[PDB]
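Take a look at the structure set out below.
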Amino acid sequence: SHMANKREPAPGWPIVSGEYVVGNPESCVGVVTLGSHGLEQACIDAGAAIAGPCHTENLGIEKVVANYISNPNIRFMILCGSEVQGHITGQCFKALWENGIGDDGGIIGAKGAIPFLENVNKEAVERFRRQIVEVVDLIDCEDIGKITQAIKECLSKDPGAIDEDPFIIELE
């Protein structure tokens, strides 16, 4: 029963190049599709701000964190698609949000092979953790019908942008 407040993303958003499709930049929902193919367009059509795969539990996670915190409008992350064996990227991303990172850049509680953030610092991680108000765990789910329902549920709960400027973290 509300009109959610909105902010301008960083100029050029998404600034970090990668494998994703861009949607409505004022959408409050981002979607990570892990190891699956073919889910991205449907997520954008459902209303996502951005949707794309995430293969590695280091660089992959950094590019997602960097492109979400440069857009204050994004308040939800949906994790869906097949888990990556060895990388276990979905579990690593959940652990980042739940626990943060160590002094060494290691994701606390992560089960993947190389869960280290070399470029994304403690301040950027804490911005990610207060900007994203909820992580929706649909890990290993490839039902586009369920995933789109999750997207619309988030959109109906839009709490508006975080009241901070875009956060710019430089990657490699």
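Following the order of the structure tokens, first chain is A, next is B, and so on, with residues numbered from 1 inside each chain and ligands from 1 in the order they appear.
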Sort by chain and increasing residue number a table of all residues of stretch 89-142 of chain A within 6 Å of stretch 68-81 of chain A, each with its closest pair of atoms and their distance in Å to one decimal, counting only C-alpha atoms, and write it as CSV.
```
residue,atom,partner,partner_atom,distance
A:131,CA,A:75,CA,5.7
A:132,CA,A:75,CA,4.4
A:133,CA,A:75,CA,5.6
A:134,CA,A:76,CA,5.4
A:135,CA,A:77,CA,5.0
A:136,CA,A:78,CA,4.6
A:137,CA,A:79,CA,5.4
A:138,CA,A:80,CA,4.5
A:139,CA,A:80,CA,4.4
A:140,CA,A:81,CA,4.8
A:141,CA,A:81,CA,5.2
A:142,CA,A:81,CA,5.1
```
Please produce a file of those selected residues containing N, CA and C atoms, as a PDB file, in the first residue's frame.
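Done, and the output landed in out-v4.pdb:
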```pdb
ATOM      1  N   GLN A 131      22.282  -3.627   2.941  1.00  0.00           N
ATOM      2  CA  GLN A 131      21.479  -3.301   1.767  1.00  0.00           C
ATOM      3  C   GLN A 131      20.538  -4.444   1.389  1.00  0.00           C
ATOM      4  N   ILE A 132      21.044  -5.680   1.404  1.00  0.00           N
ATOM      5  CA  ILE A 132      20.201  -6.829   1.057  1.00  0.00           C
ATOM      6  C   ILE A 132      19.447  -7.264   2.315  1.00  0.00           C
ATOM      7  N   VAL A 133      18.129  -7.089   2.309  1.00  0.00           N
ATOM      8  CA  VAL A 133      17.367  -7.313   3.531  1.00  0.00           C
ATOM      9  C   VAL A 133      17.005  -8.791   3.664  1.00  0.00           C
ATOM     10  N   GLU A 134      17.038  -9.525   2.555  1.00  0.00           N
ATOM     11  CA  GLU A 134      16.713 -10.957   2.604  1.00  0.00           C
ATOM     12  C   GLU A 134      17.326 -11.718   1.435  1.00  0.00           C
ATOM     13  N   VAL A 135      17.854 -12.906   1.713  1.00  0.00           N
ATOM     14  CA  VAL A 135      18.328 -13.794   0.656  1.00  0.00           C
ATOM     15  C   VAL A 135      17.332 -14.924   0.502  1.00  0.00           C
ATOM     16  N   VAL A 136      16.779 -15.066  -0.699  1.00  0.00           N
ATOM     17  CA  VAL A 136      15.789 -16.104  -0.951  1.00  0.00           C
ATOM     18  C   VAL A 136      16.510 -17.344  -1.448  1.00  0.00           C
ATOM     19  N   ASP A 137      16.429 -18.425  -0.669  1.00  0.00           N
ATOM     20  CA  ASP A 137      17.143 -19.658  -0.986  1.00  0.00           C
ATOM     21  C   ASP A 137      16.286 -20.558  -1.865  1.00  0.00           C
ATOM     22  N   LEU A 138      16.504 -20.479  -3.175  1.00  0.00           N
ATOM     23  CA  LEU A 138      15.918 -21.447  -4.110  1.00  0.00           C
ATOM     24  C   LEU A 138      17.037 -22.226  -4.812  1.00  0.00           C
ATOM     25  N   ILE A 139      18.114 -22.457  -4.073  1.00  0.00           N
ATOM     26  CA  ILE A 139      19.243 -23.232  -4.566  1.00  0.00           C
ATOM     27  C   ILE A 139      18.841 -24.639  -5.043  1.00  0.00           C
ATOM     28  N   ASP A 140      19.318 -25.014  -6.236  1.00  0.00           N
ATOM     29  CA  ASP A 140      18.952 -26.248  -6.962  1.00  0.00           C
ATOM     30  C   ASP A 140      17.552 -26.236  -7.571  1.00  0.00           C
ATOM     31  N   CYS A 141      16.815 -25.143  -7.410  1.00  0.00           N
ATOM     32  CA  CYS A 141      15.520 -25.059  -8.079  1.00  0.00           C
ATOM     33  C   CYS A 141      15.672 -24.442  -9.480  1.00  0.00           C
ATOM     34  N   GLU A 142      15.117 -25.125 -10.482  1.00  0.00           N
ATOM     35  CA  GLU A 142      15.131 -24.633 -11.862  1.00  0.00           C
ATOM     36  C   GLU A 142      13.709 -24.486 -12.409  1.00  0.00           C
TER      37      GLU A 142
END
```
DSSP alpha helix (DSSP H) residues within stretch 5-119 of chain A, as a PyMOL selection string
chain A and resi 40-46+59-69+89-99
I'd like the interatomic distance between atom CA of residue A:151 and atom CA of residue A:122, to a tenth of an Å.
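If I compute the distance from atom CA of residue A:151 to atom CA of residue A:122, I get 28.6 Å.
Residue nearest residue A:7, chosen from A:161, A:59, A:155, A:147 and counting only C-alpha atoms: A:161.
Proximity to residue A:6 was assessed for A:65, A:29, A:162, A:49 counting only C-alpha atoms; the smallest distance is recorded for A:162.
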With only C-alpha atoms as the basis for distance, which of A:35, A:145, A:102, A:23 is at the shortest distance from residue A:51?
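For residue A:51, the nearest of the candidates is A:23.
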Using the chain letters and numbers from this document, which residues of stretch 4-141 of chain A does DSSP assign to strand (DSSP E or B), as number ranges by chain?
A: 21-22, 29-32, 50-52, 76-81, 101, 106-107, 116, 134-139
Could you give me, as a list in words, the residues within 12 Å of residue A:101, counting only C-alpha atoms and dropping anything in the same chain fewer than 5 positions from it?
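So, after excluding close chain neighbours, the residues are residues 58, 92, 93, 94, 95, 96, 106, 107, 108, 109, 110, 115, 116, 117, 118, 120, 121, 122, 123, 124, 125, 126, 128 and 129 of chain A.
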Go ahead and dump the residues you just picked, N, CA, C and O atoms, as an mmCIF file, in the first residue's frame.
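Wrote result-v9.cif, looks like this:
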```cif
data_model
loop_
_atom_site.group_PDB
_atom_site.id
_atom_site.type_symbol
_atom_site.label_atom_id
_atom_site.label_comp_id
_atom_site.auth_asym_id
_atom_site.auth_seq_id
_atom_site.Cartn_x
_atom_site.Cartn_y
_atom_site.Cartn_z
ATOM 1 N N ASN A 58 34.597 -16.990 -5.768
ATOM 2 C CA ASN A 58 35.493 -15.877 -5.482
ATOM 3 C C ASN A 58 35.183 -14.715 -6.430
ATOM 4 O O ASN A 58 34.420 -13.800 -6.076
ATOM 5 N N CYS A 92 28.153 -20.682 -0.583
ATOM 6 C CA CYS A 92 29.151 -19.661 -0.248
ATOM 7 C C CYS A 92 28.546 -18.267 -0.185
ATOM 8 O O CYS A 92 28.905 -17.473 0.692
ATOM 9 N N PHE A 93 27.648 -17.959 -1.120
ATOM 10 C CA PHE A 93 26.972 -16.661 -1.126
ATOM 11 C C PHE A 93 26.035 -16.522 0.105
ATOM 12 O O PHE A 93 25.988 -15.474 0.749
ATOM 13 N N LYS A 94 25.310 -17.582 0.453
ATOM 14 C CA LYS A 94 24.483 -17.548 1.667
ATOM 15 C C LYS A 94 25.323 -17.280 2.915
ATOM 16 O O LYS A 94 24.921 -16.521 3.806
ATOM 17 N N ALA A 95 26.481 -17.916 2.981
ATOM 18 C CA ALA A 95 27.362 -17.770 4.136
ATOM 19 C C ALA A 95 27.948 -16.361 4.215
ATOM 20 O O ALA A 95 28.151 -15.839 5.319
ATOM 21 N N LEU A 96 28.273 -15.770 3.058
ATOM 22 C CA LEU A 96 28.726 -14.380 3.018
ATOM 23 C C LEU A 96 27.673 -13.478 3.629
ATOM 24 O O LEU A 96 27.985 -12.630 4.459
ATOM 25 N N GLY A 106 38.428 -14.324 3.659
ATOM 26 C CA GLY A 106 37.711 -15.586 3.564
ATOM 27 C C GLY A 106 36.264 -15.450 3.996
ATOM 28 O O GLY A 106 35.971 -14.784 4.998
ATOM 29 N N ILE A 107 35.357 -16.080 3.253
ATOM 30 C CA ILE A 107 33.933 -16.044 3.592
ATOM 31 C C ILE A 107 33.676 -16.974 4.778
ATOM 32 O O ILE A 107 33.967 -18.178 4.713
ATOM 33 N N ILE A 108 33.159 -16.414 5.870
ATOM 34 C CA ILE A 108 33.024 -17.177 7.105
ATOM 35 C C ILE A 108 31.892 -18.208 6.948
ATOM 36 O O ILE A 108 30.772 -17.872 6.527
ATOM 37 N N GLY A 109 32.220 -19.469 7.241
ATOM 38 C CA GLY A 109 31.298 -20.586 7.097
ATOM 39 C C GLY A 109 31.146 -21.167 5.694
ATOM 40 O O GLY A 109 30.296 -22.031 5.475
ATOM 41 N N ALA A 110 31.942 -20.703 4.731
ATOM 42 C CA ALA A 110 31.814 -21.195 3.352
ATOM 43 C C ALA A 110 32.433 -22.568 3.151
ATOM 44 O O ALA A 110 33.557 -22.839 3.619
ATOM 45 N N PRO A 115 36.882 -19.835 -1.322
ATOM 46 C CA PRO A 115 35.924 -18.766 -1.008
ATOM 47 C C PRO A 115 36.606 -17.530 -0.412
ATOM 48 O O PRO A 115 36.413 -17.230 0.763
ATOM 49 N N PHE A 116 37.385 -16.830 -1.230
ATOM 50 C CA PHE A 116 38.111 -15.636 -0.792
ATOM 51 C C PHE A 116 37.781 -14.453 -1.664
ATOM 52 O O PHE A 116 37.702 -14.578 -2.878
ATOM 53 N N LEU A 117 37.576 -13.302 -1.038
ATOM 54 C CA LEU A 117 37.345 -12.074 -1.793
ATOM 55 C C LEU A 117 38.621 -11.243 -1.716
ATOM 56 O O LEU A 117 38.987 -10.745 -0.653
ATOM 57 N N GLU A 118 39.315 -11.133 -2.844
ATOM 58 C CA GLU A 118 40.612 -10.468 -2.892
ATOM 59 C C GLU A 118 40.487 -8.959 -3.012
ATOM 60 O O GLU A 118 41.360 -8.223 -2.562
ATOM 61 N N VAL A 120 37.043 -7.164 -2.729
ATOM 62 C CA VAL A 120 35.894 -6.645 -1.979
ATOM 63 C C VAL A 120 36.190 -6.648 -0.491
ATOM 64 O O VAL A 120 36.254 -7.707 0.132
ATOM 65 N N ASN A 121 36.351 -5.456 0.084
ATOM 66 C CA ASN A 121 36.772 -5.338 1.483
ATOM 67 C C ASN A 121 35.645 -5.447 2.520
ATOM 68 O O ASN A 121 34.461 -5.657 2.185
ATOM 69 N N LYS A 122 36.030 -5.336 3.788
ATOM 70 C CA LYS A 122 35.095 -5.510 4.894
ATOM 71 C C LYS A 122 33.964 -4.482 4.844
ATOM 72 O O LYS A 122 32.800 -4.807 5.109
ATOM 73 N N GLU A 123 34.294 -3.249 4.474
ATOM 74 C CA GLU A 123 33.284 -2.188 4.380
ATOM 75 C C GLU A 123 32.264 -2.441 3.270
ATOM 76 O O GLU A 123 31.070 -2.158 3.436
ATOM 77 N N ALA A 124 32.729 -2.980 2.146
ATOM 78 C CA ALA A 124 31.833 -3.319 1.041
ATOM 79 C C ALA A 124 30.916 -4.484 1.419
ATOM 80 O O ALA A 124 29.723 -4.472 1.104
ATOM 81 N N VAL A 125 31.481 -5.497 2.068
ATOM 82 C CA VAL A 125 30.690 -6.623 2.550
ATOM 83 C C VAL A 125 29.605 -6.173 3.525
ATOM 84 O O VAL A 125 28.474 -6.664 3.461
ATOM 85 N N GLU A 126 29.933 -5.247 4.423
ATOM 86 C CA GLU A 126 28.930 -4.807 5.398
ATOM 87 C C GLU A 126 27.856 -3.975 4.704
ATOM 88 O O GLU A 126 26.683 -4.093 5.043
ATOM 89 N N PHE A 128 26.877 -4.583 1.561
ATOM 90 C CA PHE A 128 26.052 -5.664 0.996
ATOM 91 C C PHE A 128 25.093 -6.266 2.030
ATOM 92 O O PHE A 128 23.918 -6.511 1.724
ATOM 93 N N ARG A 129 25.574 -6.500 3.249
ATOM 94 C CA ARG A 129 24.748 -7.172 4.252
ATOM 95 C C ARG A 129 23.595 -6.309 4.822
ATOM 96 O O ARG A 129 22.560 -6.861 5.189
#
```
Counting only C-alpha atoms, what is within 10 Å of residue A:157, bar same-chain residues fewer than 3 positions away, as a count of residues only?
10
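Distances here use only C-alpha atoms; by that measure, the residue among A:55, A:127, A:111, A:37 closest to residue A:91 is A:111.
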A:60, A:112, A:11, A:159 ranked by distance to residue A:86, top pick (using only C-alpha atoms)
A:112
